[PDB]
Amino acid sequence: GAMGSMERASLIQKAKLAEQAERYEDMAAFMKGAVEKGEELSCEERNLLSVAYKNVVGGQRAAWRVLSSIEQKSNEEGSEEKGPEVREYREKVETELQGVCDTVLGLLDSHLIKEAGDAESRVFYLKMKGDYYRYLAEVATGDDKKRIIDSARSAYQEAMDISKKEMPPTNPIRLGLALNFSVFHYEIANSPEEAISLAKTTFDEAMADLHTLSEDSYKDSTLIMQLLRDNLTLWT
Amino acid sequence: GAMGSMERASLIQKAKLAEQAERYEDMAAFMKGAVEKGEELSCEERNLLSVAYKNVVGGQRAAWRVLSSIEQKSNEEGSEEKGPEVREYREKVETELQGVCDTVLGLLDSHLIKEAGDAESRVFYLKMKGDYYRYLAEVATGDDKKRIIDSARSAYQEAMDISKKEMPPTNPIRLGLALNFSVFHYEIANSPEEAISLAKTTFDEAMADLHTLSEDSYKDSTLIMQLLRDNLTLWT
Amino acid sequence: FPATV
Amino acid sequence: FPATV
Ligand SMILES: [Ca+2]
Ligand SMILES: [Ca+2]
Ligand SMILES: [Ca+2]
Ligand SMILES: [Ca+2]
Ligand SMILES: [Ca+2]
Ligand SMILES: [Ca+2]
Ligand SMILES: [Ca+2]
Ligand SMILES: [Ca+2]
Ligand SMILES: [Cl-]
Ligand SMILES: [Cl-]
Ligand SMILES: [Mg+2]
Ligand SMILES: [Mg+2]
């Protein structure tokens, strides 16, 4: 590992600096180094890891969508033949995206998930596993597409089962998991009814638990609840 | 060169795709490959090259400024000692920025400038040379700082001399050169009066030539004239 | 596109 | 910062 010689604490410090500088590739590389030290991650550290990779892969996804749209248009009737370049470059971006996903899934498998015993860590990591399989599913067109989809579903479902048993309905990790699994249903699994049902039930059960919260917890939970509402508005 | 096996036309096509996808590192790598084919660049191609590297180095400069500010604050009285990490990471970003500048200057020296005989190409490339020496000057603190500054000045001055002889006062390359050389004077050479004089004279001489232009040329020239005005407003 | 976190 | 192109 390129970060093998740097102190864990220095990697974490530099990840925070990279975030301030909006250097998300660096942030992700620092956090990968920190994970590879082999110690469990704190709440804050888990969120540094997720922020870094979310931003990297988010940029790749946006680029992939631009290129895919161009490619699709090139394959319409009446479109002039422009050669292999659009496909090649879409493939290049796709391969890099798949590489980042594989990197994240690799960290989760070696060995973040197996050492995560508390609900807040285990659910967080299983949500990440679902998310990165979902990103693989977005670009999948081959023999393994169904298996990739099922891998996302399975990770999300395990996270959901733990979250329902172990966390209150307003817990932000539980809420974010449900938000994203709902999107999985809508966008990946061709299950819009399941997506809508999950978002609605999640919202309503959270609403009923807000009375238990401090002002600060209320703010956190209601922010994610609004995202559930936004998706419901988009879909209905 | 990693792009040695790709057709020139394919590199240019992919640079345009990378721009659409906001993949500026890729765009720059494609355009470097195109330059290394050894043929001169068209107007459009020169602008693809400049856009790509401007965006890459612009991001590096913004990051460098964030980190430099943090570092400066750490070296104030009453600031707690946080170890070498801020300096190290600022240095990392700085080294990468210097590398990009050296890459661009290398392309200009081998062999874009020497083959550029038309005013529009030669001025464009000499402006780029001034700009990338200016970016090196922004981070320079050593024995060579004065020489780096003088290298920027010299490139800008040669570009200015050609532009005044060979281009009308509304030419967008001439205007952009003057804008940037004015900023060099203000920000690098500690010469705010020269900066202001240059911006004002450039603006006024352009204003007097607008009557010669088509609607489309007028739009192009007035956009850069407004940037001159904006700087003048900032500085006065 | 829909919201995710 | 001032404008450049
Ligand atoms: Ca080690
Ligand atoms: Ca150690
Ligand atoms: Ca444990
Ligand atoms: Ca609990
Ligand atoms: Ca070759
Ligand atoms: Ca060829
Ligand atoms: Ca020539
Ligand atoms: Ca002329
Ligand atoms: Cl490619
Ligand atoms: Cl570093
Ligand atoms: Mg592929
Ligand atoms: Mg240095």
Side-chain angles (χ1 to χ4, degrees), chain A residues 1-57 59 100 103-104 107 112, chain B residues 24-25 28-29 53 55-106 132-145 147-149 187-188, chain D residues 1:
Chain A
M3 299 299 176
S5 66
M6 204 186 307
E7 288 279 16
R8 191 184 187 281
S10 300
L11 287 164
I12 298 298
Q13 184 179 354
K14 292 181 184 180
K16 294 174 189 177
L17 294 170
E19 188 182 24
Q20 294 181 81
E22 297 186 297
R23 291 273 292 196
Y24 294 103
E25 186 180 63
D26 288 349
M27 190 188 181
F30 293 139
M31 290 309 304
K32 177 174 189 286
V35 168
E36 291 173 346
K37 299 302 178 184
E39 299 286 359
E40 298 187 32
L41 305 192
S42 70
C43 176
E44 182 175 9
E45 294 164 354
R46 289 190 300 268
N47 282 275
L48 291 169
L49 177 69
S50 62
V51 164
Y53 280 109
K54 177 173 192 305
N55 277 269
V56 170
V57 82
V100 170
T103 291
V104 174
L107 295 172
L112 290 169
Chain B
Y24 294 103
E25 186 180 63
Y53 280 109
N55 277 269
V56 170
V57 82
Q60 296 174 315
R61 292 164 67 208
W64 185 94
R65 290 171 187 173
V66 166
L67 298 173
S68 187
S69 173
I70 295 167
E71 188 181 10
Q72 285 182 66
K73 289 188 189 298
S74 80
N75 295 327
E76 287 176 350
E77 170 159 46
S79 303
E80 194 60 51
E81 185 56 60
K82 301 301 209 313
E85 293 84 355
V86 170
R87 174 186 57 75
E88 287 171 351
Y89 185 50
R90 187 270 299 157
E91 286 176 346
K92 180 188 176 166
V93 172
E94 185 174 301
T95 300
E96 290 184 15
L97 182 162
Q98 293 169 322
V100 170
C101 295
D102 289 346
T103 291
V104 174
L105 293 166
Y132 286 85
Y133 275 116
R134 170 159 62 83
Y135 305 149
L136 289 176
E138 289 175 340
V139 306
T141 63
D143 280 3
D144 279 346
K145 190 181 170 49
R147 271 183 282 277
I148 293 166
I149 293 175
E187 288 292 323
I188 311 298
Chain D
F1 290 104

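Proteins come first, then strands; the chains are lettered A, B, ... in the order of their sequence lines, and each starts at number 1.
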Engineer: Side chain to side chain contact (heavy atoms under 4.5 Å, CB included) with A/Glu36: which residues, sequence neighbours excluded?
Structural biologist: A/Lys32, A/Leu107
Engineer: Counting only pairs under 3.5 Å, give me each side-chain donor-acceptor contact of residues 96-105 of chain B, with atom names and distances, residues two or more places apart or in other chains.
Structural biologist:
| residue | atom | partner | partner atom | Å |
| --- | --- | --- | --- | --- |
| B/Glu96 | OE1 | A/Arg23 | NH2 | 2.9 |
| B/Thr103 | OG1 | B/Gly99 | O | 3.0 |

Engineer: Once side chain to side chain donor-acceptor pair (under 3.5 Å) is applied, do any residues pair with A/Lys16, and if so which ones, sequence neighbours excluded?
Structural biologist: A/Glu44
Engineer: Any salt bridge (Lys or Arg N to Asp or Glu O under 4.0 Å) involving residues 70-81 of chain B? Give me the pairs, sequence neighbours left out, ordered by first then second residue.
Structural biologist: B/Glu71-B/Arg90
Engineer: Roughly how far, to the nearest 0.5 Å, is CD of A/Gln20 from CD of A/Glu22?
Structural biologist: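 Here the interatomic distance stands at 10.5 Å.
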Engineer: Please set out all donor-acceptor pairs under 3.5 angstrom arising from side-chain atoms of residues 82-89 of chain B, sequence neighbours excluded.
Structural biologist:
| residue | atom | partner | partner atom | Å |
| --- | --- | --- | --- | --- |
| B/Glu85 | OE2 | A/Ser10 | OG | 2.6 |
| B/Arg87 | NH1 | B/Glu91 | OE1 | 3.0 |
| B/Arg87 | NH1 | B/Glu91 | OE2 | 3.3 |
| B/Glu88 | OE1 | A/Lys14 | NZ | 2.8 |
| B/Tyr89 | OH | A/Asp26 | OD2 | 2.7 |

Engineer: Taking only residues at least two apart or on different chains, which pairs with a member in residues 132-141 of chain B satisfy salt bridge (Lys or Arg N to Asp or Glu O under 4.0 Å)?
Structural biologist: B/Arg61-B/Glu138, B/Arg65-B/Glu138, B/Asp131-B/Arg134
Engineer: State the CD1-CG distance between A/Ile12 and A/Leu41, to the nearest 0.5 angstrom.
Structural biologist: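 Rounded to the nearest 0.5 Å, the CD1-CG separation comes out at 7.0 Å.
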Engineer: Would you please name every residue forming a side chain to side chain donor-acceptor pair (under 3.5 Å) with B/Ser69, sequence neighbours left out?
Structural biologist: none
Engineer: Which residues pass the side chain to side chain donor-acceptor pair (under 3.5 Å) test with B/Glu187, not counting sequence neighbours?
Structural biologist: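 By the side chain to side chain donor-acceptor pair (under 3.5 Å) rule, B/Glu187 matches no residue at all.
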Engineer: Only counting residues at least two apart or in another chain, list the ones meeting ring pair (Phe, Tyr, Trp, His ring centres under 6.0 Å) with B/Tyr135.
Structural biologist: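 So B/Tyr135 forms a ring pair (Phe, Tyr, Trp, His ring centres under 6.0 Å) with B/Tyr132.
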Engineer: Tell me, please, which residues at least two apart from A/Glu40 pass side chain to side chain contact (heavy atoms under 4.5 Å, CB included).
Structural biologist: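 With neighbours one apart ignored, the set is A/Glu115.
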Engineer: Could you state the interatomic distance from CG (A/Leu11) to CE (A/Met3), rounded to the nearest 0.5 Å?
Structural biologist: 6.5 Å
Engineer: Under the side chain to side chain donor-acceptor pair (under 3.5 Å) rule, collect the residues that match up with A/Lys54, sequence neighbours excluded.
Structural biologist: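 Here no residue qualifies.
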Engineer: Please identify each residue that fulfils ring pair (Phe, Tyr, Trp, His ring centres under 6.0 Å) with B/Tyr133, with sequence neighbours left out.
Structural biologist: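 Residues passing ring pair (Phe, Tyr, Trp, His ring centres under 6.0 Å) with B/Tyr133: none at all.
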